[PDB]
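What follows is one structure encoded as structure tokens, with my remarks underneath.
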Ligand SMILES: Nc1nc2c([nH]c(=O)n2[C@H]2C[C@H](O)[C@@H](COP(=O)(O)O)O2)c(=O)[nH]1
Ligand SMILES: OC[C@H]1O[C@@](CO)(O[C@H]2O[C@H](CO)[C@@H](O)[C@H](O)[C@H]2O)[C@@H](O)[C@@H]1O
Ligand SMILES: [Mn+2]
Ligand code: NA
């Protein structure tokens, strides 16, 4: 079974809103809401991966960020380790840089059912802030 390390960024603005994108219909976890992110490549660190992934996916450079949560999840056909970084400072303005839907969502209104099930404890913990 495939094993992956994934780095994602929880992009939070001053109004307690999070920048959320929607996954493609033909991707793993198709049509789900997501924190922007992707696979940590060989020769790069988890911190370097979340910077690169957010630059690629939404056109911002995160800075002075923190590890909010790290967890493992076994999907039906793959095992992933997710690194959730809390990003509250960045250069740039996030947008759908890869043509994907993106928008700001109030933290209090997030529905964990809209996200991959691996995100359940993270969305709960975010609402605890
Ligand atoms: N990008 C991203 N991927 C997630 C999240 N939650 C989650 O289980 N995943 C899974 C879906 C994919 O199997 C993998 C990410 O790989 P890609 O972003 O390259 O598709 O991690 C999330 O919040 N953001
Ligand atoms: O691991 C993140 C953690 O480390 C601190 C320093 O104690 O931040 C450092 O690492 C971040 C991720 O690379 C950088 O963004 C930051 O500039 C650097 O100081 C903590 O602030 C953070 O919780
Ligand atoms: Mn991705
Ligand atoms: Na990506």
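Numbering (the deposited numbering), first residue to last: 1 to 129. Just so you know, even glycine gets a beta-carbon here, dropped at the ideal spot from N, CA and C.
Distance from the CA of residue 91 to the CA of residue 103, rounded to the nearest whole angstrom, comes to 17 Å. By the criterion of at least three beta-carbon pairs nearer than 8 Å, the stretch 22-31 is not in contact with the stretch 49-57.
Of the candidates 87, 112, 117, 71, 87 places its Cα closest to the Cα of residue 16.
In the DSSP assignment, residue 125 falls within the alpha helix (DSSP H) that extends over 120-127.
Contact between residue 40 and residue 5 holds: their C-beta atoms lie close to 4 Å from each other, under 8 Å. Remark: the C-beta of residue 59 is outside contact range of ligand 4, defined as less than 7 Å to any heavy atom. In the DSSP assignment, the residues bridged to residue 22 are 33. The Cβ atoms of residue 85 and residue 65 lie closer than 8 Å to each other. Under the DSSP definition of a beta bridge, residue 61 partners with 91. As DSSP reads the structure, residue 78 sits in a beta bridge with 2.
A heavy atom of ligand 2 is found nearer than 7 Å to the CB of residue 63.
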